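Visitor: I am sharing upload27.txt, which consists of compact mmCIF, C-alpha atoms and all ligand atoms:
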# COMPACT_ATOMS: atom_id res chain seq x y z
CA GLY A 458 -22.35 -14.85 21.52
CA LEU A 459 -24.50 -12.08 23.16
CA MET A 460 -21.65 -9.47 22.96
CA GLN A 461 -21.75 -8.63 19.22
CA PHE A 462 -19.40 -6.12 17.54
CA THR A 463 -21.24 -3.25 15.78
CA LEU A 464 -19.95 -0.45 13.46
CA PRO A 465 -21.27 3.09 12.88
CA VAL A 466 -23.89 3.35 10.08
CA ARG A 467 -21.48 4.53 7.30
CA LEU A 468 -18.84 1.78 8.12
CA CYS A 469 -21.51 -0.98 8.52
CA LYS A 470 -22.73 -0.19 4.92
CA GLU A 471 -19.43 0.66 3.20
CA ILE A 472 -17.30 -2.23 4.69
CA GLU A 473 -19.35 -4.59 2.40
CA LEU A 474 -17.87 -2.65 -0.63
CA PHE A 475 -14.59 -3.98 -2.13
CA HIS A 476 -13.18 -0.39 -2.28
CA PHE A 477 -13.76 0.33 1.47
CA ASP A 478 -10.83 2.20 3.13
CA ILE A 479 -10.46 1.32 6.88
CA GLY A 480 -9.69 5.01 7.68
CA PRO A 481 -7.00 6.73 9.81
CA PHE A 482 -8.20 5.81 13.37
CA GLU A 483 -5.70 3.03 14.41
CA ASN A 484 -7.81 2.26 17.56
CA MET A 485 -10.80 1.24 15.37
CA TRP A 486 -8.94 -1.39 13.22
CA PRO A 487 -9.03 -4.24 15.87
CA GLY A 488 -12.84 -3.71 16.20
CA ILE A 489 -13.20 -3.67 12.36
CA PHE A 490 -11.22 -6.98 12.09
CA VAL A 491 -13.24 -8.76 14.87
CA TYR A 492 -16.51 -7.62 13.15
CA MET A 493 -15.34 -9.05 9.80
CA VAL A 494 -14.35 -12.33 11.61
CA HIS A 495 -17.76 -12.60 13.45
CA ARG A 496 -19.67 -12.09 10.12
CA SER A 497 -17.43 -14.11 7.69
CA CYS A 498 -16.60 -16.99 10.14
CA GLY A 499 -19.15 -16.78 13.01
CA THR A 500 -19.25 -15.46 16.63
CA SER A 501 -18.18 -18.92 18.02
CA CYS A 502 -15.19 -19.46 15.61
CA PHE A 503 -12.95 -17.88 18.35
CA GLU A 504 -13.00 -17.00 22.09
CA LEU A 505 -13.16 -13.14 22.02
CA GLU A 506 -10.54 -12.75 24.84
CA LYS A 507 -7.86 -14.90 23.03
CA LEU A 508 -8.65 -13.32 19.60
CA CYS A 509 -8.23 -9.80 21.17
CA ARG A 510 -4.95 -10.85 22.89
CA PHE A 511 -3.79 -12.35 19.52
CA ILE A 512 -4.80 -9.21 17.50
CA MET A 513 -2.86 -6.91 19.90
CA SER A 514 0.33 -9.10 19.87
CA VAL A 515 0.19 -9.15 16.01
CA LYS A 516 -0.09 -5.29 15.96
CA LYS A 517 2.93 -5.02 18.35
CA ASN A 518 5.04 -7.19 15.92
CA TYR A 519 4.32 -4.96 12.85
CA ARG A 520 6.85 -2.10 12.50
CA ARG A 521 6.45 1.69 11.97
CA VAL A 522 7.30 1.55 8.22
CA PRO A 523 5.60 3.61 5.50
CA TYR A 524 3.61 0.80 3.70
CA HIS A 525 4.24 -2.77 5.06
CA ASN A 526 2.56 -1.85 8.38
CA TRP A 527 -0.44 -2.76 10.64
CA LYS A 528 -2.84 -0.69 8.41
CA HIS A 529 -1.78 -2.78 5.33
CA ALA A 530 -2.38 -6.00 7.37
CA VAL A 531 -6.02 -4.98 8.18
CA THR A 532 -6.52 -3.56 4.62
CA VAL A 533 -5.46 -6.95 3.10
CA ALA A 534 -7.74 -8.85 5.61
CA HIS A 535 -10.69 -6.56 4.66
CA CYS A 536 -10.22 -7.40 0.93
CA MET A 537 -10.28 -11.12 1.87
CA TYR A 538 -13.51 -10.47 3.91
CA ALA A 539 -15.25 -8.94 0.84
CA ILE A 540 -14.16 -11.95 -1.36
CA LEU A 541 -15.34 -14.50 1.29
CA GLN A 542 -18.73 -12.67 1.85
CA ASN A 543 -19.41 -12.55 -1.96
CA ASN A 544 -18.42 -16.26 -2.53
CA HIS A 545 -19.64 -17.68 0.83
CA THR A 546 -20.82 -21.11 -0.54
CA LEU A 547 -17.33 -21.93 -1.98
CA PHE A 548 -15.13 -22.12 1.22
CA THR A 549 -14.78 -24.52 4.21
CA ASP A 550 -15.12 -23.80 7.98
CA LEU A 551 -11.28 -24.10 8.37
CA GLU A 552 -10.62 -21.80 5.32
CA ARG A 553 -12.83 -18.97 6.78
CA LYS A 554 -10.96 -19.37 10.16
CA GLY A 555 -7.50 -19.57 8.49
CA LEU A 556 -7.67 -16.87 5.74
CA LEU A 557 -8.56 -13.61 7.65
CA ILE A 558 -5.84 -14.62 10.20
CA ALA A 559 -3.35 -15.38 7.37
CA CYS A 560 -4.09 -11.89 5.88
CA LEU A 561 -3.60 -10.10 9.27
CA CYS A 562 -0.22 -11.90 9.84
CA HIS A 563 1.05 -11.98 6.22
CA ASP A 564 3.67 -9.16 6.60
CA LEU A 565 4.57 -9.65 10.35
CA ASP A 566 7.87 -7.92 11.34
CA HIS A 567 8.39 -6.44 7.81
CA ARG A 568 11.36 -3.95 7.87
CA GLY A 569 10.45 -2.34 4.47
CA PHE A 570 13.03 -4.34 2.40
CA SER A 571 12.55 -6.85 -0.47
CA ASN A 572 13.83 -10.51 -0.38
CA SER A 573 16.46 -9.26 -2.96
CA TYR A 574 17.91 -6.61 -0.56
CA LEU A 575 18.19 -9.23 2.27
CA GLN A 576 20.17 -11.49 -0.24
CA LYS A 577 22.54 -8.67 -1.44
CA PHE A 578 22.94 -7.44 2.20
CA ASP A 579 23.69 -11.07 3.29
CA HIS A 580 21.12 -10.75 6.15
CA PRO A 581 20.89 -13.87 8.42
CA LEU A 582 17.26 -14.52 7.25
CA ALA A 583 18.67 -15.12 3.69
CA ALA A 584 20.87 -17.95 5.17
CA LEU A 585 17.87 -19.45 7.11
CA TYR A 586 15.30 -19.21 4.19
CA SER A 587 16.91 -19.19 0.68
CA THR A 588 13.57 -18.47 -1.20
CA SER A 589 10.45 -16.45 -0.13
CA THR A 590 12.82 -15.18 2.61
CA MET A 591 10.57 -12.56 4.27
CA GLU A 592 7.43 -14.73 3.75
CA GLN A 593 8.95 -17.73 5.62
CA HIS A 594 9.88 -15.17 8.35
CA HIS A 595 6.23 -13.85 8.46
CA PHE A 596 4.88 -17.41 8.97
CA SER A 597 7.55 -18.24 11.62
CA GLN A 598 6.46 -15.00 13.44
CA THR A 599 2.78 -16.15 13.16
CA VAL A 600 3.64 -19.52 14.88
CA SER A 601 5.65 -17.71 17.67
CA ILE A 602 2.58 -15.53 18.43
CA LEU A 603 0.10 -18.48 18.28
CA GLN A 604 2.40 -20.29 20.84
CA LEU A 605 2.35 -17.38 23.39
CA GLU A 606 0.38 -18.12 26.62
CA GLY A 607 -3.38 -17.39 26.13
CA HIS A 608 -2.91 -16.86 22.31
CA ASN A 609 -4.01 -20.28 20.87
CA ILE A 610 -7.09 -18.90 19.02
CA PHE A 611 -7.41 -22.42 17.43
CA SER A 612 -7.51 -24.23 20.89
CA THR A 613 -10.89 -26.05 20.15
CA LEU A 614 -9.67 -27.67 16.85
CA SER A 615 -8.41 -31.29 16.83
CA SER A 616 -4.64 -31.86 16.36
CA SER A 617 -5.29 -32.77 12.63
CA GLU A 618 -7.60 -29.70 12.11
CA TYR A 619 -5.06 -27.40 13.85
CA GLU A 620 -2.42 -28.82 11.39
CA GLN A 621 -4.70 -28.23 8.34
CA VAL A 622 -5.42 -24.58 9.35
CA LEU A 623 -1.67 -23.83 10.00
CA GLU A 624 -0.99 -25.34 6.52
CA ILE A 625 -3.70 -23.08 4.93
CA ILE A 626 -2.06 -20.06 6.66
CA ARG A 627 1.51 -21.16 5.73
CA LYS A 628 0.58 -21.61 2.02
CA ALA A 629 -1.49 -18.35 1.94
CA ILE A 630 1.43 -16.32 3.46
CA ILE A 631 4.07 -17.86 1.13
CA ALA A 632 1.77 -17.08 -1.91
CA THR A 633 2.19 -13.31 -1.05
CA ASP A 634 5.78 -13.63 -2.43
CA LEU A 635 4.99 -11.85 -5.75
CA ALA A 636 7.88 -13.82 -7.41
CA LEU A 637 5.57 -16.94 -7.03
CA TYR A 638 2.47 -15.10 -8.41
CA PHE A 639 3.62 -15.15 -12.10
CA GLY A 640 3.81 -19.01 -12.16
CA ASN A 641 0.60 -19.48 -10.03
CA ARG A 642 -1.52 -17.22 -12.31
CA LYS A 643 -0.18 -18.86 -15.54
CA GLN A 644 -1.11 -22.34 -14.14
CA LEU A 645 -4.62 -21.03 -13.11
CA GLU A 646 -5.19 -19.29 -16.56
CA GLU A 647 -4.31 -22.60 -18.39
CA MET A 648 -6.49 -24.68 -15.98
CA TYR A 649 -9.47 -22.27 -16.50
CA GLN A 650 -9.08 -22.11 -20.35
CA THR A 651 -8.77 -25.97 -20.73
CA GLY A 652 -11.67 -26.56 -18.24
CA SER A 653 -9.34 -28.65 -15.96
CA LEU A 654 -9.72 -26.29 -12.88
CA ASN A 655 -11.40 -28.30 -10.05
CA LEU A 656 -12.15 -26.68 -6.64
CA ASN A 657 -12.50 -30.23 -5.11
CA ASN A 658 -8.76 -30.68 -5.96
CA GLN A 659 -6.75 -29.52 -2.84
CA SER A 660 -3.67 -28.58 -5.02
CA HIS A 661 -6.10 -26.45 -7.19
CA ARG A 662 -7.70 -24.92 -4.03
CA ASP A 663 -4.15 -23.99 -2.86
CA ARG A 664 -3.51 -22.11 -6.20
CA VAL A 665 -6.91 -20.25 -6.08
CA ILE A 666 -6.25 -19.15 -2.42
CA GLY A 667 -2.74 -18.03 -3.50
CA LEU A 668 -4.29 -15.87 -6.23
CA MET A 669 -6.85 -14.50 -3.71
CA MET A 670 -3.84 -13.59 -1.48
CA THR A 671 -2.09 -11.74 -4.37
CA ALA A 672 -5.39 -9.87 -5.12
CA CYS A 673 -5.84 -8.87 -1.43
CA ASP A 674 -2.12 -7.85 -1.06
CA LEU A 675 -2.22 -5.50 -4.14
CA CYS A 676 -5.79 -4.25 -3.33
CA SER A 677 -4.57 -0.58 -3.00
CA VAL A 678 -4.93 -0.55 -6.87
CA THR A 679 -8.68 -1.41 -6.39
CA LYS A 680 -9.56 1.58 -4.11
CA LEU A 681 -11.05 4.94 -5.17
CA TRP A 682 -8.33 7.06 -6.95
CA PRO A 683 -7.52 9.38 -3.94
CA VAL A 684 -6.76 6.26 -1.77
CA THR A 685 -4.85 4.59 -4.70
CA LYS A 686 -2.69 7.72 -5.37
CA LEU A 687 -1.90 8.39 -1.64
CA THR A 688 -1.01 4.70 -0.97
CA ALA A 689 1.42 4.73 -3.99
CA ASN A 690 3.43 7.47 -2.15
CA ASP A 691 3.73 5.09 0.88
CA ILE A 692 5.21 2.14 -1.12
CA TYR A 693 7.72 4.39 -2.97
CA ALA A 694 8.84 5.81 0.41
CA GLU A 695 9.92 2.16 1.14
CA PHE A 696 11.23 1.36 -2.39
CA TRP A 697 13.40 4.51 -2.49
CA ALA A 698 14.83 3.80 1.01
CA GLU A 699 15.78 0.30 -0.29
CA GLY A 700 17.38 1.84 -3.44
CA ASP A 701 19.45 4.16 -1.18
CA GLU A 702 20.59 1.05 0.78
CA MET A 703 21.46 -0.76 -2.52
CA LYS A 704 23.56 2.30 -3.54
CA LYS A 705 25.35 2.04 -0.11
CA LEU A 706 26.27 -1.61 -1.02
CA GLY A 707 27.78 -0.26 -4.31
CA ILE A 708 24.87 -1.80 -6.36
CA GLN A 709 22.73 0.19 -8.87
CA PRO A 710 19.07 -0.25 -7.78
CA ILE A 711 16.34 -1.27 -10.29
CA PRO A 712 14.35 1.77 -11.58
CA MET A 713 11.30 1.41 -9.23
CA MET A 714 13.66 1.80 -6.20
CA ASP A 715 15.72 4.81 -7.47
CA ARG A 716 14.26 8.11 -6.06
CA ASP A 717 16.10 9.97 -8.92
CA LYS A 718 13.56 8.27 -11.35
CA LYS A 719 10.65 9.93 -9.38
CA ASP A 720 9.22 11.61 -12.58
CA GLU A 721 8.85 8.13 -14.26
CA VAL A 722 6.45 6.77 -11.50
CA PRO A 723 3.25 7.21 -13.60
CA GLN A 724 4.83 5.08 -16.43
CA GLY A 725 6.15 2.51 -13.85
CA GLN A 726 2.56 2.27 -12.46
CA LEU A 727 1.16 1.80 -16.01
CA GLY A 728 3.75 -1.00 -16.57
CA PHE A 729 2.79 -2.63 -13.21
CA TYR A 730 -1.02 -2.54 -13.91
CA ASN A 731 -0.48 -4.10 -17.43
CA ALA A 732 2.02 -6.86 -16.41
CA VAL A 733 0.69 -7.72 -12.84
CA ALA A 734 -2.57 -6.12 -11.54
CA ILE A 735 -5.01 -6.37 -14.53
CA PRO A 736 -3.97 -10.01 -15.29
CA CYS A 737 -4.32 -10.82 -11.52
CA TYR A 738 -7.90 -9.46 -11.13
CA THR A 739 -8.83 -10.67 -14.68
CA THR A 740 -7.91 -14.32 -13.76
CA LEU A 741 -9.58 -13.98 -10.30
CA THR A 742 -12.79 -12.64 -11.96
CA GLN A 743 -12.92 -15.74 -14.26
CA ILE A 744 -12.63 -18.13 -11.26
CA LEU A 745 -14.78 -15.97 -8.84
CA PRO A 746 -17.16 -13.78 -10.91
CA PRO A 747 -18.44 -11.74 -7.87
CA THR A 748 -14.82 -10.31 -7.46
CA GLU A 749 -15.62 -8.23 -10.66
CA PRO A 750 -15.62 -4.86 -8.76
CA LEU A 751 -11.85 -5.30 -8.01
CA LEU A 752 -11.11 -5.67 -11.79
CA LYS A 753 -13.44 -2.68 -12.61
CA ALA A 754 -11.70 -0.38 -10.03
CA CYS A 755 -8.25 -1.63 -11.19
CA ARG A 756 -9.19 -0.60 -14.79
CA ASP A 757 -10.50 2.80 -13.56
CA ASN A 758 -7.12 3.47 -11.77
CA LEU A 759 -5.22 2.35 -14.96
CA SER A 760 -7.12 5.19 -16.83
CA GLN A 761 -6.19 7.61 -13.97
CA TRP A 762 -2.45 6.76 -14.44
CA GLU A 763 -2.80 7.30 -18.26
CA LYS A 764 -4.43 10.71 -17.50
CA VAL A 765 -1.37 11.52 -15.29
CA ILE A 766 1.03 10.57 -18.16
CA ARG A 767 -0.96 12.92 -20.57
CA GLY A 768 -0.70 15.80 -17.98
CA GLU A 769 -4.53 15.95 -17.42
CA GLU A 770 -3.98 14.85 -13.72
CA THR A 771 -1.10 15.67 -11.17
CA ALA A 772 0.78 13.45 -8.61
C1 LIG B 801 1.11 0.53 -3.83
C2 LIG B 801 1.37 0.78 -5.38
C3 LIG B 801 1.02 -0.42 -6.26
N1 LIG B 801 1.71 -1.65 -5.86
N2 LIG B 801 1.12 -2.50 -4.97
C4 LIG B 801 2.00 -3.48 -4.80
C5 LIG B 801 3.20 -3.26 -5.60
CL1 LIG B 801 4.64 -4.20 -5.79
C6 LIG B 801 2.95 -2.07 -6.24
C7 LIG B 801 3.81 -1.31 -7.17
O1 LIG B 801 3.74 -0.09 -7.26
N3 LIG B 801 4.71 -2.06 -7.86
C8 LIG B 801 5.61 -1.64 -8.88
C9 LIG B 801 6.14 -2.58 -9.78
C10 LIG B 801 7.03 -2.18 -10.77
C11 LIG B 801 7.36 -0.83 -10.86
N4 LIG B 801 8.20 -0.13 -11.72
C12 LIG B 801 8.13 1.18 -11.35
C13 LIG B 801 8.94 2.25 -11.97
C14 LIG B 801 9.05 3.48 -11.34
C15 LIG B 801 9.87 4.47 -11.88
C16 LIG B 801 10.59 4.22 -13.02
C17 LIG B 801 10.49 2.99 -13.65
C18 LIG B 801 9.70 2.00 -13.11
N5 LIG B 801 7.34 1.37 -10.30
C19 LIG B 801 6.83 0.11 -9.99
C20 LIG B 801 5.95 -0.29 -8.99
MG MG B 802 4.76 -9.33 2.02
ZN ZN B 803 1.61 -7.45 1.94
Can you give me the file's structure in the form of structure tokens?
Ligand SMILES: CCCn1ncc(Cl)c1C(=O)Nc1ccc2[nH]c(-c3ccccc3)nc2c1
Ligand SMILES: [Mg+2]
Ligand SMILES: [Zn+2]
Guide:
Amino acid sequence: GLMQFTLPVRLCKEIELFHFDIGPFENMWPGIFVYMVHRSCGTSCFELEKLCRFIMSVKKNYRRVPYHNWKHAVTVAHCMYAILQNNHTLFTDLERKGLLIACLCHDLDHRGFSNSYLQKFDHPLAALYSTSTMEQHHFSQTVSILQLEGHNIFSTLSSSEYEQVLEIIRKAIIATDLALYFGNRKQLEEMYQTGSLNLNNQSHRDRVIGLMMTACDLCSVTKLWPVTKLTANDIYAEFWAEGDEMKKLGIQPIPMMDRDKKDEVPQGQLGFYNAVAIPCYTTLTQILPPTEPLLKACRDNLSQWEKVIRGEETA
């Protein structure tokens, strides 16, 4: 308890903002994550030694890929931290414990390829997990790490509590499969607009946490423009590599993965904000009003992409 994590003055202030960027110093991200855990969960939620050992084994099992990397893991966790701090009365002890950990682990051992490439490639993981292929792999990787000697960060929970928290994490990680988002958000929009949404309903909680996980996972669209623009370059570096690999299989890639369609990125972004991002943050804002700043920043970046299309901005 008496060893408390502290951040420099700028970080201490700005980490509370939804649009906080965790910065380029890799060696500071473990400290940043522990701080967010101590403040959102509590200093006694975890033994510091085990948490640190766990954090470092998770980092080791993320790969050196352009976007789906350790920095994305901490970025997604930070967005969850801001949502939990601005809605602190709405979540349980086990949910605070589970959710920052789920966010850190959500893309474990990502190779930079979609579930669809793994299917067309006939990768072994597509045989093992027929849907949410990579997401079932991320969870499996989370369990492996939790089961390493000195890594049971949930060692003080009862058997039944340990099982609840692993189930929170499992559901949260699976919800990051964007193919499941479309259904989940439609269900939540209906439930909100008929007044049937009920946070005491566990199946409704599950859906809200899923939407929170989508929001956190896409949160690059909720940063200041310079962050948003530079992060878009990182995901296309992955998408275009996948499109190359599709071409090697004799398959025409979809437009977002073809590097020859590079000049159409601003319009692809516009399409993505209109069909996915805006609806996502819009629905989340209705259920959790304090998440408003994510929707605001998502709208600001939509205007930036329109300015790029009109040739008033470059990218
Ligand atoms: C990091 C940046 C935003 N982002 N966060 C998560 C995820 Cl997925 C995305 C994201 O960018 N998704 C996305 C979805 C559909 C798209 N269609 C096109 C496109 C491109 C060229 C020609 C025609 C179409 N680009 C796309 C990008
Ligand atoms: Mg993922
Ligand atoms: Zn992700």
Visitor: Given a cut-off of 7 Å, what residues near ligand LIG 801 (chain B) show up using only C-alpha atoms and all ligand atoms, put as number ranges by chain?
Guide: A: 675, 677-678, 688-689, 692, 712-713, 718-719, 721-722, 724-726, 728-729
Visitor: Separation of atom CA of residue 580 of chain A and atom CA of residue 632 of chain A, in Å?
Guide: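 Between these atoms lies a distance of 21.9 Å.
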Visitor: Using only C-alpha atoms, determine which residues lie at most 12 Å from residue 485 of chain A, disregarding the query and same-chain residues fewer than 4 positions distant; provide the list as a list in words.
Guide: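 The contact residues come out as residues 462, 463, 464, 465, 468, 479, 480, 481, 489, 490, 491, 492, 528 and 531 of chain A.
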Visitor: Choose the residue, out of A:765, A:584, A:610, A:666, that has the smallest atom-to-atom separation from residue 554 of chain A; count all atoms listed in the file.
Guide: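 Between A:765, A:584, A:610, A:666, the residue approaching residue 554 of chain A most closely is A:610.
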Visitor: Would you compute the distance between atom CA of residue 750 of chain A and atom CA of residue 477 of chain A? Give it in Å to one decimal.
Guide: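 So the two atoms, atom CA of residue 750 of chain A and atom CA of residue 477 of chain A, lie 11.6 Å apart.
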Visitor: Residues up to 9 Å from ligand MG 802 (chain B), counting all atoms listed in the file: could you list those as a list in words?
Guide: residues 525, 563, 564, 565, 567, 571, 591, 592, 595, 630, 631, 633, 634, 635 and 674 of chain A
Visitor: For the residues in the current selection, export C-alpha atoms as a tab-separated table (two decimals), keeping the file's coordinate frame.
Guide:
chain	number	residue	atom	x	y	z
A	525	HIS	CA	4.24	-2.77	5.06
A	563	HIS	CA	1.05	-11.98	6.22
A	564	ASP	CA	3.67	-9.16	6.60
A	565	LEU	CA	4.57	-9.65	10.35
A	567	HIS	CA	8.39	-6.44	7.81
A	571	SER	CA	12.55	-6.85	-0.47
A	591	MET	CA	10.57	-12.56	4.27
A	592	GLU	CA	7.43	-14.73	3.75
A	595	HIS	CA	6.23	-13.85	8.46
A	630	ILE	CA	1.43	-16.32	3.46
A	631	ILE	CA	4.07	-17.86	1.13
A	633	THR	CA	2.19	-13.31	-1.05
A	634	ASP	CA	5.78	-13.63	-2.43
A	635	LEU	CA	4.99	-11.85	-5.75
A	674	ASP	CA	-2.12	-7.85	-1.06
Visitor: Excluding residue 570 of chain A and any residue of its chain fewer than 2 positions from it, enumerate the residues within 9 Å of it, using only C-alpha atoms, and give them as an MDAnalysis selection string.
Guide: chainID A and resid 567:568 572:575 591 695:696 698:699
Visitor: Between A:602, A:745, A:472, A:669, which is the closest to residue 543 of chain A once you count only C-alpha atoms?
Guide: A:745
Visitor: Under the rule that all atoms listed in the file are counted, which of A:664, A:680, A:507, A:520 is the nearest residue to residue 533 of chain A?
Guide: A:680
Visitor: Dump as a PyMOL selection string all residues having an atom at most 12 Å from (-4.0, 1.3, 20.9), computed in the file's coordinates with only C-alpha atoms.
Guide: chain A and resi 482-488+509+512-514+516-517+527
Visitor: Rounded to one decimal in Å, what is the spacing between atom CA of residue 687 of chain A and atom CA of residue 735 of chain A?
Guide: 19.8 Å
Visitor: Let me have the centre and edge lengths of the axis-aligned box enclosing all listed atoms of segment 476-494 of chain A with 3 Å padding on every side, in Å to one decimal, as lines of an AutoDock Vina configuration file.
Guide:
center_x = -11.1
center_y = -2.8
center_z = 7.6
size_x = 16.8
size_y = 25.1
size_z = 25.8
Visitor: Closest to ligand ZN 803 (chain B) among A:460, A:694, A:672, A:759, using all atoms listed in the file?
Guide: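 Selected residue with least distance to ligand ZN 803 (chain B): A:672.
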Visitor: Would you please work out which residue, of A:708, A:629, A:498, A:623, is nearest to ligand ZN 803 (chain B) when using all atoms listed in the file?
Guide: A:629
Visitor: Of the candidates A:757, A:552, A:504, A:566, which one gets nearest to ligand ZN 803 (chain B) if we count all atoms listed in the file?
Guide: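 Selected residue with least distance to ligand ZN 803 (chain B): A:566.
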Visitor: Neighbouring residues of residue 737 of chain A were defined as those with any atom within 12 Å, considering all atoms listed in the file; residues of the same chain fewer than 6 positions away were excluded. Please report them as a ChimeraX atom specification.
Guide: /A:635,638-643,645-646,665,667-676,678-679,729-731,743-745,748-749,751-752,755-756
